[PDB]
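1. just dropping in an experimental structure and the matching sequence.
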Amino acid sequence: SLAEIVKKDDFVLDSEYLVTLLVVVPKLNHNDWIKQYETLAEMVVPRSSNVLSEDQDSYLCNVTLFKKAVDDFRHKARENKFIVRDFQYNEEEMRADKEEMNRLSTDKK
Amino acid sequence: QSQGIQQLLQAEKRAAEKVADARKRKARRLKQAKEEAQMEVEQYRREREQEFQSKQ
Amino acid sequence: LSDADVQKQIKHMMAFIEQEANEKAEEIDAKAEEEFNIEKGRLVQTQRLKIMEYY
């Protein structure tokens, strides 16, 4: 569960016309990621498409696009050899999940 | 980018504000048109009342 | 490419978005013509009929 690892500060708010996506993975593919997260789709917005997490083997990165251009990003992620990692704005869901994991931890005791 | 993104949201919301003004004006102009049709109807029908009175 | 060209693409997005919102406004205008006329007709009809029955 991506949960708190996700950088909440980098997402769009009031997403009635702009939508963000998260389909980026392996490290070996990021030789020009600095240009990729500016140009992956026809109209990608370059900077809020920010790297969310950094493992040794993988980078996790958000991207921003238009309401109807998200499918192009979804396909171009496969063309760039990534896999889906979508987060779908689960902040309150993550908070409730945090409460539940803590409930289980304290229930053991 | 951040300033540009604020500008994008603000363009969307300026269109939204214009749409809200259009909503207010649609309601008010519908009311004005109802009242104007009522002005016409009352004028003609009360003229018919007076014509009936004189005709009788 | 350049930042200016990438912003041309971003402004193409804004053009589509503004076209959508302005098409909602244009739909409001279309209502204010046609559905405006339709309810005008309804109300004029009911008024005139409630007066014609009395006459």
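-> Great, that's in hand. Residues are numbered from 1 along each chain as shown, chains lettered A, B, ... in the order given.

2. going forward, measure contacts between C-alpha atoms and count neighbours the same way
-> OK.

3. who in chain A is up against chain C?
-> Chain A comes close to chain C at residues A:17, A:42, A:43, A:44, A:45, A:66, as judged by CA under 8 Å from any CA of the partner chain.

4. would you list those in CSV and tack on secondary structure?
-> Listed next are these as CSV, based on DSSP: H, G, I helix; E, B strand; the rest coil:
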residue, secondary structure
A:17, coil
A:42, coil
A:43, coil
A:44, coil
A:45, strand
A:66, strand
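
5. out of those, who's near chain B?
-> residue A:45.

6. what distance do you get for residue A:87 to residue A:24?
-> Per CA to CA, to the nearest Å, residue A:87 is found 12 Å from residue A:24.

7. gap between the residue nearest in space to the middle of chain B and residue B:23?
-> For chain B, residue B:29 is the residue whose C-alpha lies nearest the centre (CA atoms, centre = their mean; 1.0 Å). Going from residue B:29 to residue B:23 by CA to CA gives 10 Å.

8. the helices in chain C, which residues?
-> For chain C, the helices defined by DSSP state H occupy C:3-30, C:36-54.

9. burial count for the one residue in chain A that gets nearest to chain C?
-> In chain A, the residue that lies nearest chain C is residue A:43 (4.8 Å; CA to the nearest CA). Residues lying near residue A:43 (other CA atoms under 10 Å in any protein chain shown) number 21.

10. look up phi and psi at it.
-> Torsion angles at residue A:43 (phi, psi; degrees, to the nearest 10) stand at phi -140, psi 30.

11. thought residue A:47 was touching residue A:38?
-> Yes: Residue A:47 is in contact with residue A:38 according to CA atoms under 8 Å; the separation is 7.3 Å.

12. more neighbours: these two, which one.
-> Higher neighbour count among residue A:47 and residue A:38: residue A:38, with 20 against 16, using other CA under 10 Å.

13. part of a helix, is the more buried one?
-> Yes: per three-state DSSP, residue A:38 lies within a helix segment.

14. surely it touches residue A:44?
-> Yes: with contact defined as CA under 8 Å, residue A:38 and residue A:44 form a contacting pair (5.8 Å).

15. the residue lying closest to residue C:32 once chain neighbours are set aside: what secondary structure?
-> Leaving aside its sequence neighbours, residue C:32 sits nearest to residue B:26 (CA to CA, 6 or more residues apart in numbering or on different chains; 6.3 Å). Classification of residue B:26 using three-state DSSP returns helix.

16. separation between residue B:26 and residue B:37?
-> Taking CA to CA, one finds residue B:26 at 16 Å from residue B:37.

17. spatially nearest residue to the residue in chain B that chain A sits nearest to (excluding sequence neighbours)?
-> As assessed by CA to the nearest CA, chain A sits closest to residue B:1 within chain B, at 6.2 Å. Counting by CA to CA, 6+ apart, residue B:1 lies nearest to residue A:47, which is 6.2 Å off, once chain neighbours are set aside.

18. swap in residue C:36?
-> Using CA to CA, 6+ apart, the closest residue to residue C:36 is residue B:30 (6.5 Å).
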